[PDB]
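Only one chain is given next, in structure tokens, and it is the form deposited in one PDB entry.
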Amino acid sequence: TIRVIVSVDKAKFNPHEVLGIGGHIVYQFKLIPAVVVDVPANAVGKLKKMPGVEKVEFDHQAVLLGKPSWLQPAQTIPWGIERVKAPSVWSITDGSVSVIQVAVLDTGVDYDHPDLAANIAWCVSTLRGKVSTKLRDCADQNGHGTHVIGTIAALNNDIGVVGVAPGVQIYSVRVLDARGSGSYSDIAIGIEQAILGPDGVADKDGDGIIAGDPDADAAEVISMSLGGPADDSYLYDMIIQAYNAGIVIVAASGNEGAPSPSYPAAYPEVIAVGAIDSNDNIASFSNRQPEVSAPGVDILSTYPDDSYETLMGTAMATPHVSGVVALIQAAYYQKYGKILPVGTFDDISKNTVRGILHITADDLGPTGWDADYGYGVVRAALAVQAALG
């Protein structure tokens, strides 16, 4: 018995047919024409020949990308928050514009952390293909997700740390287990949950506007501090559906010093993030050819239970980027009645979130994009200035 993902002709496919072969429908995607199915191993040739079946992919593994670093009854500002020039922005916005949410697909959250809890707008889990809103399912069993969320969104108060966007609503989408391992099927159901939001229903309404749409509860940002080595059609499809809904996608480069990013970081519609240290040196583990980079060594942030921890990885850089896009779109929307388009890796203008990230980044190492830093270290305050000006 294996779990498999079947891409399909919606108008020629009958889901009950898998049952006649020892099969079970786990989840049917609403936004992509695919089904998550458990079948017998010997039954895979049968499934391929069934009506409406276009492709059968196997279910791969993605992993967490942050680990223990090297390395006060008060609030510390982590260095990395200062590196990306977040504090100065907070008098124009802290991200608490009501139509903006950042989705973080990870290991879950310590949902009642004193320094987090006022920003957890939704706490979900898609572990094992089962979407669960129960609090023992959505709870962080590892620590990692709690850490990445505190980096985007830790409350500005007199305890703990402070996030890049310390007023932003966060959706915590548990797609990784207690060991920070997750499967590609749970992770694509994660992206879809982040596009459907709480009420369960992409658009909603009309319209056909999803992200930045004040009647939707779709996220405007999907954050992935995770990576895998497989390239699967259905996962990249899902990626495309988020991008198409006008959602910015951000993912860790990978921690193997490999010559390129992991998946989904490597897709053209995702922002790959590499990791710098506090001396502006690229992390040695950082996978290359990222889109931008951000702090990712000796990162202090929230951690269960109701506590704090220092980690490193491109998993840590990633949420600094996600915070910066939250501040861009919250600022942009607070001034206009709308959000910027996502844009592309080749954008060098004001008119796109990605082009904004590109042109306002602190350009390190060789002039221009390079394989260590991408376009550079990302700066909230120049970015937002470019957003609004």
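Numbering starts at 1 and runs along the sequence shown.
Absent from the display: the form deposited with a partner chain bound. The rest refers to it.
Candidate site formed by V270, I276 and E291: none of these residues places a non-hydrogen atom within 4.5 angstroms of its partner chain in the entry with it bound.
Considering its partner chain in the entry with it bound, the lone stretch of 88-96, 140-148, 160-168, 114-122 in range is 140-148 [heavy atom distance within 4.5 Å].
A single residue from the set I189, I299, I152, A103 has any heavy atom within 4.5 angstroms of its partner chain in the entry with it bound; that residue is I189. With the partner omitted from this view, the residue of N281, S233, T133, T76 that lies near its partner chain in the entry with it bound is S233 [heavy atom within 4.5 Å]. The closest non-hydrogen atom of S260 lies beyond 4.5 Å of its partner chain in the entry with it bound. Heavy atoms of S185 reach within 4.5 Å of its partner chain in the entry with it bound, making it an interface residue. Residue contact check for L176: one or more of its heavy atoms lie within 4.5 Å of its partner chain in the entry with it bound.
The shortest heavy atom separation between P304 and its partner chain in the entry with it bound exceeds 4.5 Å.
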